[PDB]
Amino acid sequence: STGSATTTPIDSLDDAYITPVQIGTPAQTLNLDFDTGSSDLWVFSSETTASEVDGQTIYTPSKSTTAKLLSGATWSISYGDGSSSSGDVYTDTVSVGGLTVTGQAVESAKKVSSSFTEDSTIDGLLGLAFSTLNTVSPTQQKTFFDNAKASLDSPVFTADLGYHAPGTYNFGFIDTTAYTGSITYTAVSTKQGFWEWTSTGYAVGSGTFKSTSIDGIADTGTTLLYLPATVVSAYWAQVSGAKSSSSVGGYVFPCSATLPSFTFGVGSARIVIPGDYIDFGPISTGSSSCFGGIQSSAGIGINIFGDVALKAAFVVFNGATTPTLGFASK
Numbered sequence: 001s002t003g004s005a006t007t008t009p010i011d012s013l014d015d016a017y018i019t020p021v022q023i024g025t026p027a028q029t030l031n032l033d034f035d036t037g038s039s040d041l042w043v044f045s046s047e048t049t050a051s052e053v054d055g056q057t058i059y060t061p062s063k064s065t066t067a068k069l070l071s072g073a074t075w076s077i078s079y080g081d082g083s084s085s086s087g088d089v090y091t092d093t094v095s096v097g098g099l100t101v102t103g104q105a106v107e108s109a110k111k112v113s114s115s116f117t118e119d120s121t122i123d124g125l126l127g128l129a130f131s132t133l134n135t136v137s138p139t140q141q142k143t144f145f146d147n148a149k150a151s152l153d154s155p156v157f158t159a160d161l162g163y164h165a166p167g168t169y170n171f172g173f174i175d176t177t178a179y180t181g182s183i184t185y186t187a188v189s190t191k192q193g194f195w196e197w198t199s200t201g202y203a204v205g206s207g208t209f210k211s212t213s214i215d216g217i218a219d220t221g222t223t224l225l226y227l228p229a230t231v232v233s234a235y236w237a238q239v240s241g242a243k244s245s246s247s248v249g250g251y252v253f254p255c256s257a258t259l260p261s262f263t264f265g266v267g268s269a270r271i272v273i274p275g276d277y278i279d280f281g282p283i284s285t286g287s288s289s290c291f292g293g294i295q296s297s298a299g300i301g302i303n304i305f306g307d308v309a310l311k312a313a314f315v316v317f318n319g320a321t322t323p324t325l326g327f328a329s330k
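In the entry's author numbering, the protein residues as written are 1 to 330.
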């Protein structure tokens, strides 16, 4: 089997991408944030505290003839940005782009933190990291991809995120028309439960490539590119007037600037992020200070190849017995 679904930016900045997901019978379609940095499929639901729901579409298990309470199971997750959610668990039929999994754990939120309530466009998350990170207790549950894997033509999914445009998540096949050149594959460590890999270096604009190992995660659920402070300082030093602002929370730059590209290495291959992808617009409406799309990871504990980086590539998440990542230009 295979599946193919379009993923759509939630706003004009590509802050996140939503993909329609069919849950239950008859189908209830919710728009979920596919997140290769986590491993829970959770949804706003009829059980979510009413004051914490503000425009999201909810899953109502009592209206699904295939829903079953997973008795005794609870979940609770805290994300790297400080947000969180928790609740109980149903199993139900879940379909993405024509690919159907029966018995998928659907984590129904009883509580969500304010950042979720305040974003009416995201109805929940669909985790695509390794199932070892799933938070369901006392019986850990598998991700949608792990449940689908055995049925897929090939045990892979691909992320093809758009710049200011829709893109595609494919399951079970690699669309050879979706990229240029060849796909370069690179080793993955699953020791932390992430799609963790080592970039071979970087360049700023037309500058020389610096060969240096940068360990980080491929994370579709993170907006920006978070790299070591040395690398980030080297980038922003090429933008007149750019500075790190403690009050704003990162590097800002004059909105009048033209940003240089940023290149990252994948083996001997190179992925070029155009400068325009690094512009996240005014820090507040009407400001002439703009927020940068490359930020320091120093306060995180891990480097994160988020959407800014991934949208410059066609990315293969190869879930074979020994997982690997593939990157191609497009």
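C-beta: ideal position from N, C-alpha, C; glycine also.
1) Nearest CA to the CA of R270: which residue from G216, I302 and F327?
2) Between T25 and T60, is the Cβ-Cβ spacing less than 9 Å?
3) Verify whether the separation of the beta carbon atoms of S108 and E47 is less than 9 Å.
4) For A159, which residues does DSSP report across the bridge?
5) Which partner residues does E52 have in the DSSP bridge list?
6) What do you reckon, is the C-beta of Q104 under 8 Å from a heavy atom of the ligand GDP?
7) Please go through the stretch 242–320 and give each complete beta strand (DSSP E) segment of 3 or more residues, from N-terminal end onward.
8) If distances are taken between C-alpha atoms only, which option among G250, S86, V232 and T223 comes closest to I18?
9) So, for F173: in the same chain, excluding its five sequence neighbours on each side, which residues have a beta-carbon less than 7 Å away from its beta-carbon?
10) From what residue to what residue does the alpha helix (DSSP H) around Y235 run?
11) Distance check for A234 and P254, CA to CA, integer angstroms please.
12) Helix, strand or coil, according to DSSP, for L30 in the structure here?
13) For a quick check, are the C-beta atoms of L41 and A159 less than 9 Å apart?
14) Once DSSP output is grouped into helix, strand and coil, what is the label at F327?
15) If you draw a straight line from the C-alpha of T230 to the C-alpha of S268, how long is it?
16) Below 8 Å on the Cβ atoms is my guess for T7 versus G167; work out the distance and round it to an integer in Å.
17) Using DSSP bridges, identify the partner residues of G87.
18) Taking the alpha helix (DSSP H) that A148 belongs to, which residues open and close that run?
19) For the 8 Å Cβ check, are there 3 or more pairs between the stretch 127–137 and the stretch 198–211?
20) Between the C-alpha atoms of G97 and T29, what's the straight-line distance to the nearest angstrom?
21) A165: which of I10, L325 and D279 sits nearest, CA to CA?
22) Can you have a look at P260 and say buried or exposed, based on whether 16 or more other CB atoms are within 10 angstroms of its CB?
23) What are the boundary residues of the alpha helix (DSSP H) that includes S4?
24) For the alpha helix (DSSP H) that contains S114, what are its first and last residues?
25) Suppose the cutoff is 7 Å on Cβ atoms and the five residues either side in sequence are ignored; what does the same chain contact list for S113 look like?
26) Exposed or buried, what is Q192 when buried is set at 16 or more other beta-carbons lying within 10 Å of its beta-carbon?
27) Note down the Cα distance separating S78 from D35, rounded to an integer number of angstroms.
In terms of the structure at hand:
1) Nearest of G216, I302 and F327 to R270, Cα basis: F327.
2) For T25 and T60, no; Cβs fall outside 9 Å.
3) Cβ distance < 9 Å, so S108 and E47 count as in contact.
4) In the DSSP assignment, the residues bridged to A159 are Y169 and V315.
5) Beta-bridge annotation (DSSP): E52 is not paired with any residue.
6) Ligands displayed in this structure: none; no statement on the ligand GDP is therefore possible.
7) Complete beta strand (DSSP E) runs here, min 3: 243–245, 250–254, 262–266, 269–273, 279–282, 289–292, 294–296, 303–305 and 314–318.
8) The option with the nearest alpha carbon to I18 is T223.
9) Correct list, in chain order: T2, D153 and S154.
10) Here the alpha helix (DSSP H) through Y235 covers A229 to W236.
11) A straight-line Cα-Cα distance of about 17 Å links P254 and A234.
12) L30 sits in a strand when the DSSP states are folded into three classes.
13) Cβ distance not < 9 Å, so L41 and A159 don't count as in contact.
14) Assigned with DSSP and collapsed to three states, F327 falls in strand.
15) So the two alpha carbons sit approximately 22 Å from each other.
16) At roughly 5 Å, the Cβ-Cβ gap stays under 8 Å, so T7 and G167 are in contact.
17) In the DSSP secondary-structure assignment, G87 is bridged to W75 and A109.
18) Counting along the chain, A148 sits inside the alpha helix (DSSP H) bounded by residues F144 to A148.
19) With the cut-off at 8 Å, the stretch 127–137 and the stretch 198–211 do not touch.
20) A direct Cα-to-Cα measurement between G97 and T29 gives close to 11 Å.
21) Looking at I10, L325 and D279, the one whose alpha-carbon comes closest to that of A165 is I10.
22) Label assigned to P260: buried.
23) Unbroken run through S4 is the beta strand (DSSP E), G3 to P9; no alpha helix (DSSP H).
24) Annotation for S114: the continuous alpha helix (DSSP H) segment containing it runs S114 to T117.
25) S83, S84 and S85.
26) Around the beta-carbon of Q192, fewer than 16 other beta-carbon atoms lie within 10 Å, marking it exposed.
27) Taken atom to atom, the span from the alpha-carbon of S78 to that of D35 is near 14 Å.
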